[PDB]
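Below is one structure, written out as structure tokens, with a few remarks after it.
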Amino acid sequence: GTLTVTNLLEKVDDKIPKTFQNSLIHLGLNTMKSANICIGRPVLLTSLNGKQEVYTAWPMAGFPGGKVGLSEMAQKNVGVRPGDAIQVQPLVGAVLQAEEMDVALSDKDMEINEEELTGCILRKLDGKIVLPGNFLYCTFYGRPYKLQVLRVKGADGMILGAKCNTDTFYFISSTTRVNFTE
Amino acid sequence: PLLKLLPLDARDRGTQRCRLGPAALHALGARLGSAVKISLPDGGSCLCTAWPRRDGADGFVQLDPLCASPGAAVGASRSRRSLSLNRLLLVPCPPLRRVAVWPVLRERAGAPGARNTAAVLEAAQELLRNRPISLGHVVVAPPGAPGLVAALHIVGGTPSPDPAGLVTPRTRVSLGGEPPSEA
Amino acid sequence: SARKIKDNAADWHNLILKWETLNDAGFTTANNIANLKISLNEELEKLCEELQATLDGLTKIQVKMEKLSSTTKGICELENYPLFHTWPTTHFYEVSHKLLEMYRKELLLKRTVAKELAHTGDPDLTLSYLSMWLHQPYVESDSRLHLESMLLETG
Amino acid sequence: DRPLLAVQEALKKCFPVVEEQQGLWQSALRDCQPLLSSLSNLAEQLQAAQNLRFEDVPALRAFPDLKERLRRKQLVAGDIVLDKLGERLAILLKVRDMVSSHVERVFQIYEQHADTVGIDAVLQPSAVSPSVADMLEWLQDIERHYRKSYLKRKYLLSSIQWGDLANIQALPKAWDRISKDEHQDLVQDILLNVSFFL
């Protein structure tokens, strides 16, 4: 339940799936086992400041235990830095499909391309479980972006915008619709 | 108990199977890939194949109406209605020596006539592989399926497939061709 | 001490060289993107991705030379309480600071031209952008001279 | 216990077959591209040899009995290509039958044992291996993918008739489409997710 944040392996050693190109947190088989963390499953990250985010574990046989490489954007969202400690929890609760999601731009204020963007968000993130108020990262034709989760509507008629390891969650699939309101 | 009916994400939506949480799987005790006669709450039963929930979750049931009841197909989607467990049933499945069908054809508009029966027969024999079907049911074809066939209204079943029956790779498929009870 | 300074000089040299090389590769990439755009999907996407990779190599270079700058400033301060050929050795920090500022603003401009190159309208923007990429319009030529001069004082 | 070892052996015995067969499928597919391109080209030529008359053009006029003596060559040089394609497709057919037989073997073993193994024991993931249930599911999905791909390939390729010289000139696109519509590299990701054999 306790682990030391680090940085992942630099090269994307192509022993990696493709529905997982993003939202990975490398681990070690030993530290995989020491917390009941099963391949391809999701898992929860709790910050020492009270922030949370969920990611798809992956047991890539690199660095040893105690260390759990993340992504830079993950470290931003969690708001931590190398060496620091973090809480890991094997997700156990339900996981449903997320119908409606509403996010607002970080005010890049590009010429707004409302539907043009969703076509890349979905094709670039299907699988990333979300939470109220996080940051995403598409790259629609080279340029960057940065969004902000405001509300999600879950097909089991529920609404968010999700703090303990045994609750609902939601993820984006090719049927989720999104709106862009400040 | 009582079960919600979520929509169905794409992957399953293709094939036949219906997902389910290990609670109800333990309830009716079917190992896997079994048949489950499901009675929609809108009239007209349905038949699907069992497969466990992805994340050991509970009390939810996603299903896909491939082996439907005639016309009652779309009644399976677009809802939030419950589904009581008693509305599901485990059904025995025999190997169903020989079968017999009446197919619609896909609107390959531009060349009807004498329909090269070898073609339609091969395509149908394909679409019926290893599926369990129960007499008196449509079997739609999945989207973008190959070939010509687009329906297999089920009529002739040799060992009386009234509950249901498994079509095996060694089963004659007589393209009988008798549209039944059209009203 | 001064040994570190001489190392800083040689590193400046090799770093700028690698910079130019990567800029060449990126310019080829951007040519490909502009042409592929003018001709009319995912191919373009792989293109933009490896271009971004080029940018990341650039950023790596930038952070290395920034560390160079920092160490130089540190030795500058530590020499409080004179060299091969009698330079102030503050002059050194001045040099490295001008270099750093130039190259960093350059990196920013490259980042913007990447950020915009994909979806551009009228072609004249596209030519001007390819230009901005190639001519590096934030590197006053005397820079090389400067470096050379400094590089001269340590073999 | 022993049943679980049975299905486990069955599974990580079936997978390497799937890997090698996928490699063969892939290579055999890659040969088809240039052949099909050349066939589109021959189609284009033969298309542009009916838009003339050859009885009224100054030079060729002194050459009686040419239009025929040309066609009856282009057609041969096409027919040889098309038989090469037929050979490739025979390779494809071999691979689908191989995979289907093996997958059915796996399921049959499972059905032979799935009464003395609580599905909960079937369905629980470990630290170095996905759930048995997910393994069988992926096997079934591979078999269905191979079948549909093969059969759609054939009902595309066996609709070629010298005589519809427009359709025959669109193959290289309809083919590529038929390839770029399955899920991206299934066998690849399945092979990865099972790399840690168990």
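By convention in this document, the chains of the structure tokens carry letters A, B, ... by their order, each chain's residues are numbered from 1, and ligands are numbered from 1 in the order they are shown.
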Each residue of chain D with at least one atom at most 12 Å from chain B should appear once, together with its nearest atom pair and the corresponding distance in Å (one decimal); atoms considered: only C-alpha atoms; ordering: chain, then increasing residue number; output as JSON lines.
```
{"residue": "D:100", "atom": "CA", "partner": "B:169", "partner_atom": "CA", "distance": 11.2}
{"residue": "D:101", "atom": "CA", "partner": "B:169", "partner_atom": "CA", "distance": 11.0}
{"residue": "D:104", "atom": "CA", "partner": "B:130", "partner_atom": "CA", "distance": 9.9}
{"residue": "D:107", "atom": "CA", "partner": "B:33", "partner_atom": "CA", "distance": 9.7}
{"residue": "D:108", "atom": "CA", "partner": "B:33", "partner_atom": "CA", "distance": 11.7}
{"residue": "D:110", "atom": "CA", "partner": "B:32", "partner_atom": "CA", "distance": 9.4}
{"residue": "D:111", "atom": "CA", "partner": "B:31", "partner_atom": "CA", "distance": 8.4}
{"residue": "D:112", "atom": "CA", "partner": "B:31", "partner_atom": "CA", "distance": 11.0}
{"residue": "D:113", "atom": "CA", "partner": "B:31", "partner_atom": "CA", "distance": 9.7}
{"residue": "D:114", "atom": "CA", "partner": "B:31", "partner_atom": "CA", "distance": 6.0}
{"residue": "D:115", "atom": "CA", "partner": "B:31", "partner_atom": "CA", "distance": 6.8}
{"residue": "D:116", "atom": "CA", "partner": "B:31", "partner_atom": "CA", "distance": 9.7}
{"residue": "D:117", "atom": "CA", "partner": "B:31", "partner_atom": "CA", "distance": 8.6}
{"residue": "D:118", "atom": "CA", "partner": "B:31", "partner_atom": "CA", "distance": 7.7}
{"residue": "D:119", "atom": "CA", "partner": "B:31", "partner_atom": "CA", "distance": 6.1}
{"residue": "D:120", "atom": "CA", "partner": "B:22", "partner_atom": "CA", "distance": 7.6}
{"residue": "D:121", "atom": "CA", "partner": "B:31", "partner_atom": "CA", "distance": 11.1}
{"residue": "D:122", "atom": "CA", "partner": "B:31", "partner_atom": "CA", "distance": 9.3}
{"residue": "D:123", "atom": "CA", "partner": "B:52", "partner_atom": "CA", "distance": 7.8}
{"residue": "D:124", "atom": "CA", "partner": "B:56", "partner_atom": "CA", "distance": 8.5}
{"residue": "D:125", "atom": "CA", "partner": "B:55", "partner_atom": "CA", "distance": 10.0}
{"residue": "D:130", "atom": "CA", "partner": "B:54", "partner_atom": "CA", "distance": 10.9}
{"residue": "D:131", "atom": "CA", "partner": "B:54", "partner_atom": "CA", "distance": 9.3}
{"residue": "D:132", "atom": "CA", "partner": "B:52", "partner_atom": "CA", "distance": 10.9}
{"residue": "D:133", "atom": "CA", "partner": "B:52", "partner_atom": "CA", "distance": 7.4}
{"residue": "D:134", "atom": "CA", "partner": "B:54", "partner_atom": "CA", "distance": 8.1}
{"residue": "D:135", "atom": "CA", "partner": "B:51", "partner_atom": "CA", "distance": 11.8}
{"residue": "D:136", "atom": "CA", "partner": "B:32", "partner_atom": "CA", "distance": 9.9}
{"residue": "D:137", "atom": "CA", "partner": "B:51", "partner_atom": "CA", "distance": 8.3}
{"residue": "D:138", "atom": "CA", "partner": "B:11", "partner_atom": "CA", "distance": 11.5}
{"residue": "D:140", "atom": "CA", "partner": "B:33", "partner_atom": "CA", "distance": 10.6}
{"residue": "D:141", "atom": "CA", "partner": "B:15", "partner_atom": "CA", "distance": 9.2}
{"residue": "D:143", "atom": "CA", "partner": "B:129", "partner_atom": "CA", "distance": 11.6}
{"residue": "D:144", "atom": "CA", "partner": "B:15", "partner_atom": "CA", "distance": 9.3}
{"residue": "D:145", "atom": "CA", "partner": "B:15", "partner_atom": "CA", "distance": 11.0}
{"residue": "D:147", "atom": "CA", "partner": "B:126", "partner_atom": "CA", "distance": 9.0}
{"residue": "D:148", "atom": "CA", "partner": "B:146", "partner_atom": "CA", "distance": 7.0}
{"residue": "D:149", "atom": "CA", "partner": "B:146", "partner_atom": "CA", "distance": 8.7}
{"residue": "D:150", "atom": "CA", "partner": "B:146", "partner_atom": "CA", "distance": 9.6}
{"residue": "D:151", "atom": "CA", "partner": "B:146", "partner_atom": "CA", "distance": 6.7}
{"residue": "D:152", "atom": "CA", "partner": "B:146", "partner_atom": "CA", "distance": 5.2}
{"residue": "D:153", "atom": "CA", "partner": "B:146", "partner_atom": "CA", "distance": 8.9}
{"residue": "D:154", "atom": "CA", "partner": "B:146", "partner_atom": "CA", "distance": 9.5}
{"residue": "D:155", "atom": "CA", "partner": "B:147", "partner_atom": "CA", "distance": 6.6}
{"residue": "D:156", "atom": "CA", "partner": "B:146", "partner_atom": "CA", "distance": 9.2}
{"residue": "D:158", "atom": "CA", "partner": "B:119", "partner_atom": "CA", "distance": 11.5}
{"residue": "D:159", "atom": "CA", "partner": "B:147", "partner_atom": "CA", "distance": 11.6}
{"residue": "D:178", "atom": "CA", "partner": "B:144", "partner_atom": "CA", "distance": 10.4}
{"residue": "D:181", "atom": "CA", "partner": "B:144", "partner_atom": "CA", "distance": 9.9}
{"residue": "D:182", "atom": "CA", "partner": "B:144", "partner_atom": "CA", "distance": 10.7}
{"residue": "D:183", "atom": "CA", "partner": "B:11", "partner_atom": "CA", "distance": 9.4}
```
Report task. Show which residues sit within 10 Å of residue C:96, as an MDAnalysis selection string. Count only C-alpha atoms, and ignore same-chain residues fewer than 4 positions away. Result -> chainID C and resid 8:9 12 65:66 68:70 72:73 90:92 100:102 146:147 150
Report task. Grab the atom CA of residue B:118 to atom CA of residue B:175 distance for me, in Å with one decimal place. Result -> 10.4 Å
Report task. Compile the residues of chain B that lie within 12 Å of chain A, evaluated using only C-alpha atoms, and express the compilation as a ChimeraX atom specification. Result -> /B:3-11,21,53-62,78-82
Resulting file, chosen residues, C-alpha atoms, as a PDB file, in the first residue's frame:
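Just written: out-v5.pdb:
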```pdb
ATOM      1  CA  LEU B   3     -30.117  -6.367 -11.893  1.00  0.00           C
ATOM      2  CA  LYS B   4     -29.564  -3.253 -13.934  1.00  0.00           C
ATOM      3  CA  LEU B   5     -29.199  -3.396 -17.712  1.00  0.00           C
ATOM      4  CA  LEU B   6     -26.404  -1.172 -18.942  1.00  0.00           C
ATOM      5  CA  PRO B   7     -25.831  -0.620 -22.647  1.00  0.00           C
ATOM      6  CA  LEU B   8     -23.261  -2.750 -24.467  1.00  0.00           C
ATOM      7  CA  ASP B   9     -19.824  -1.486 -25.459  1.00  0.00           C
ATOM      8  CA  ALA B  10     -18.516  -2.223 -28.934  1.00  0.00           C
ATOM      9  CA  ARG B  11     -16.399  -5.345 -28.488  1.00  0.00           C
ATOM     10  CA  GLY B  21     -21.297 -10.696 -12.545  1.00  0.00           C
ATOM     11  CA  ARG B  53     -17.868  -9.889 -15.780  1.00  0.00           C
ATOM     12  CA  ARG B  54     -14.523  -8.301 -16.483  1.00  0.00           C
ATOM     13  CA  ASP B  55     -13.915  -6.863 -13.015  1.00  0.00           C
ATOM     14  CA  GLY B  56     -15.572  -9.190 -10.518  1.00  0.00           C
ATOM     15  CA  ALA B  57     -18.338  -6.611 -10.246  1.00  0.00           C
ATOM     16  CA  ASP B  58     -21.900  -7.307  -9.170  1.00  0.00           C
ATOM     17  CA  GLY B  59     -25.558  -7.035  -9.979  1.00  0.00           C
ATOM     18  CA  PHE B  60     -25.275  -5.741 -13.545  1.00  0.00           C
ATOM     19  CA  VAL B  61     -26.114  -7.494 -16.809  1.00  0.00           C
ATOM     20  CA  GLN B  62     -24.992  -6.386 -20.237  1.00  0.00           C
ATOM     21  CA  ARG B  78     -32.166   1.688 -24.914  1.00  0.00           C
ATOM     22  CA  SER B  79     -33.442   1.201 -21.389  1.00  0.00           C
ATOM     23  CA  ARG B  80     -32.775   1.453 -17.691  1.00  0.00           C
ATOM     24  CA  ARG B  81     -35.290  -1.222 -16.718  1.00  0.00           C
ATOM     25  CA  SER B  82     -34.327  -3.847 -14.188  1.00  0.00           C
TER      26      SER B  82
END
```
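Atom CA of residue A:85 is positioned 12.9 Å from atom CA of residue A:50.
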Would you list which chain A residues are within 9 Å of chain D using only C-alpha atoms, as a compact mmCIF listing (two decimals) with N, CA, C and O atoms, in the first residue's frame?
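Saved to out23.txt:
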```txt
# COMPACT_ATOMS: atom_id res chain seq x y z
N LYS A 15 7.76 -4.31 -25.96
CA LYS A 15 6.95 -5.26 -25.21
C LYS A 15 5.91 -4.48 -24.42
O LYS A 15 5.95 -4.47 -23.19
N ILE A 16 5.00 -3.82 -25.13
CA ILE A 16 3.96 -3.02 -24.50
C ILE A 16 2.71 -3.11 -25.38
O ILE A 16 2.83 -3.15 -26.61
N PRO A 17 1.53 -3.19 -24.81
CA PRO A 17 0.32 -3.23 -25.65
C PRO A 17 0.09 -1.92 -26.36
O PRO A 17 0.91 -1.00 -26.26
N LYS A 18 -1.01 -1.81 -27.09
CA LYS A 18 -1.31 -0.59 -27.81
C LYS A 18 -2.58 0.10 -27.35
O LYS A 18 -2.75 1.29 -27.63
N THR A 19 -3.47 -0.60 -26.66
CA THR A 19 -4.54 0.08 -25.95
C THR A 19 -4.06 0.67 -24.64
O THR A 19 -4.87 1.18 -23.86
N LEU A 29 7.56 -7.42 -10.96
CA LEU A 29 6.84 -8.65 -10.62
C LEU A 29 6.78 -8.86 -9.12
O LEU A 29 5.74 -9.26 -8.58
N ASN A 30 7.88 -8.59 -8.42
CA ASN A 30 7.89 -8.74 -6.98
C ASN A 30 6.94 -7.74 -6.32
O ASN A 30 6.06 -8.12 -5.54
N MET A 32 4.69 -6.26 -7.90
CA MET A 32 3.38 -6.64 -8.42
C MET A 32 2.68 -7.57 -7.44
O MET A 32 1.53 -7.34 -7.06
N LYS A 33 3.38 -8.61 -7.01
CA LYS A 33 2.77 -9.60 -6.13
C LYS A 33 2.54 -9.06 -4.73
O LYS A 33 1.53 -9.40 -4.10
N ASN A 36 -1.07 -7.58 -4.54
CA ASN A 36 -2.19 -8.14 -5.30
C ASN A 36 -2.56 -7.23 -6.46
O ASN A 36 -3.65 -6.67 -6.53
N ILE A 37 -1.61 -7.07 -7.38
CA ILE A 37 -1.76 -6.21 -8.54
C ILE A 37 -1.67 -7.11 -9.77
O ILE A 37 -0.61 -7.66 -10.06
N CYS A 38 -2.78 -7.26 -10.47
CA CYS A 38 -2.87 -8.19 -11.59
C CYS A 38 -2.70 -7.45 -12.90
O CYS A 38 -3.12 -6.30 -13.04
N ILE A 39 -2.09 -8.13 -13.88
CA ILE A 39 -1.76 -7.47 -15.13
C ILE A 39 -3.02 -6.91 -15.77
O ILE A 39 -4.13 -7.37 -15.52
N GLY A 40 -2.84 -5.86 -16.57
CA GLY A 40 -3.92 -5.32 -17.36
C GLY A 40 -5.07 -4.76 -16.56
O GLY A 40 -5.97 -4.14 -17.12
N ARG A 41 -5.05 -4.95 -15.25
CA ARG A 41 -6.09 -4.43 -14.38
C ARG A 41 -5.88 -2.94 -14.16
O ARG A 41 -4.82 -2.40 -14.46
N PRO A 59 3.27 -4.98 -15.60
CA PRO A 59 4.34 -5.53 -14.76
C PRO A 59 5.71 -5.50 -15.39
O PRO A 59 6.59 -6.24 -14.93
```
What residues in stretch 7-178 of chain A get the DSSP label helix (DSSP H, G or I)? Please answer as an mmCIF file with N, CA and C atoms, in the first residue's frame.
```
data_model
loop_
_atom_site.group_PDB
_atom_site.id
_atom_site.type_symbol
_atom_site.label_atom_id
_atom_site.label_comp_id
_atom_site.auth_asym_id
_atom_site.auth_seq_id
_atom_site.Cartn_x
_atom_site.Cartn_y
_atom_site.Cartn_z
ATOM 1 N N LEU A 29 7.558 -7.423 -10.958
ATOM 2 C CA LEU A 29 6.842 -8.649 -10.622
ATOM 3 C C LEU A 29 6.782 -8.864 -9.118
ATOM 4 N N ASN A 30 7.882 -8.589 -8.423
ATOM 5 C CA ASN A 30 7.889 -8.737 -6.975
ATOM 6 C C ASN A 30 6.942 -7.741 -6.325
ATOM 7 N N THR A 31 7.103 -6.455 -6.641
ATOM 8 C CA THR A 31 6.169 -5.475 -6.112
ATOM 9 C C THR A 31 4.789 -5.623 -6.730
ATOM 10 N N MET A 32 4.690 -6.255 -7.900
ATOM 11 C CA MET A 32 3.383 -6.641 -8.417
ATOM 12 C C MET A 32 2.682 -7.568 -7.440
ATOM 13 N N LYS A 33 3.382 -8.613 -7.006
ATOM 14 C CA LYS A 33 2.769 -9.604 -6.135
ATOM 15 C C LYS A 33 2.540 -9.062 -4.734
ATOM 16 N N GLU A 72 5.135 11.666 -16.720
ATOM 17 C CA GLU A 72 5.326 13.035 -16.258
ATOM 18 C C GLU A 72 3.989 13.702 -15.977
ATOM 19 N N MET A 73 3.026 13.519 -16.876
ATOM 20 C CA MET A 73 1.710 14.107 -16.683
ATOM 21 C C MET A 73 0.995 13.483 -15.499
ATOM 22 N N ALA A 74 1.239 12.196 -15.252
ATOM 23 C CA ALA A 74 0.754 11.571 -14.029
ATOM 24 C C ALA A 74 1.328 12.262 -12.804
ATOM 25 N N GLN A 75 2.647 12.469 -12.790
ATOM 26 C CA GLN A 75 3.283 13.129 -11.658
ATOM 27 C C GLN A 75 2.767 14.545 -11.475
ATOM 28 N N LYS A 76 2.388 15.203 -12.565
ATOM 29 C CA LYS A 76 1.772 16.515 -12.442
ATOM 30 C C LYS A 76 0.404 16.409 -11.787
ATOM 31 N N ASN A 77 -0.467 15.558 -12.329
ATOM 32 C CA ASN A 77 -1.822 15.437 -11.796
ATOM 33 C C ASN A 77 -1.802 15.046 -10.326
ATOM 34 N N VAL A 78 -0.998 14.043 -9.980
ATOM 35 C CA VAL A 78 -0.838 13.679 -8.581
ATOM 36 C C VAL A 78 -0.099 14.776 -7.837
ATOM 37 N N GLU A 114 -14.911 22.097 -31.755
ATOM 38 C CA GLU A 114 -15.626 21.263 -30.793
ATOM 39 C C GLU A 114 -15.667 19.782 -31.137
ATOM 40 N N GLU A 115 -16.312 19.415 -32.241
ATOM 41 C CA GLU A 115 -16.385 17.994 -32.553
ATOM 42 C C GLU A 115 -15.068 17.491 -33.119
ATOM 43 N N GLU A 116 -14.352 18.346 -33.848
ATOM 44 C CA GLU A 116 -13.066 17.955 -34.402
ATOM 45 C C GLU A 116 -12.151 17.384 -33.335
ATOM 46 N N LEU A 117 -12.292 17.849 -32.098
ATOM 47 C CA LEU A 117 -11.399 17.401 -31.040
ATOM 48 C C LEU A 117 -11.806 16.037 -30.507
ATOM 49 N N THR A 118 -13.103 15.840 -30.266
ATOM 50 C CA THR A 118 -13.574 14.578 -29.707
ATOM 51 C C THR A 118 -13.100 13.399 -30.536
ATOM 52 N N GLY A 119 -13.080 13.566 -31.854
ATOM 53 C CA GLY A 119 -12.613 12.538 -32.754
ATOM 54 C C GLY A 119 -11.215 12.069 -32.429
ATOM 55 N N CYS A 120 -10.425 12.921 -31.783
ATOM 56 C CA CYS A 120 -9.089 12.531 -31.358
ATOM 57 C C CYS A 120 -9.028 12.148 -29.893
ATOM 58 N N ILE A 121 -9.809 12.815 -29.047
ATOM 59 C CA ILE A 121 -9.866 12.435 -27.639
ATOM 60 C C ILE A 121 -10.201 10.960 -27.510
ATOM 61 N N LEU A 122 -11.305 10.547 -28.132
ATOM 62 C CA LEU A 122 -11.739 9.161 -28.006
ATOM 63 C C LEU A 122 -10.722 8.210 -28.618
ATOM 64 N N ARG A 123 -10.353 8.444 -29.876
ATOM 65 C CA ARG A 123 -9.375 7.596 -30.541
ATOM 66 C C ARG A 123 -8.017 7.604 -29.849
ATOM 67 N N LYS A 124 -7.809 8.461 -28.856
ATOM 68 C CA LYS A 124 -6.517 8.550 -28.203
ATOM 69 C C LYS A 124 -6.569 8.227 -26.719
ATOM 70 N N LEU A 125 -7.742 7.999 -26.151
ATOM 71 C CA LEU A 125 -7.796 7.781 -24.716
ATOM 72 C C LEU A 125 -8.722 6.675 -24.247
ATOM 73 N N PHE A 140 -3.819 16.625 -31.011
ATOM 74 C CA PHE A 140 -4.596 16.622 -32.242
ATOM 75 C C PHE A 140 -3.766 17.272 -33.332
ATOM 76 N N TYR A 141 -3.140 16.453 -34.175
ATOM 77 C CA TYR A 141 -2.310 16.941 -35.274
ATOM 78 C C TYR A 141 -1.168 17.818 -34.756
ATOM 79 N N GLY A 142 -0.288 17.207 -33.984
ATOM 80 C CA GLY A 142 0.896 17.920 -33.517
ATOM 81 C C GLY A 142 0.751 18.829 -32.323
#
```
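Nearest-residue note for chain A: choosing from C:97, C:41, C:71, C:140, the minimum distance belongs to C:41, counting only C-alpha atoms.
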Query - Counting only C-alpha atoms, chain C residues within 10 Å of chain A, as an MDAnalysis selection string - result: chainID C and resid 41:42 44:52 111:119
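Minimum atom-to-atom distance to residue D:81, evaluated using only C-alpha atoms, belongs to D:36 out of D:109, D:66, D:36, D:98.
Closest approach to chain C among D:197, D:180, D:47, D:80 is made by D:180 (distances from only C-alpha atoms).
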Query - residue B:90 surroundings by only C-alpha atoms, 7 Å radius, close-in-sequence under 6 positions cut, as an MDAnalysis selection string - result: chainID B and resid 28 35:37
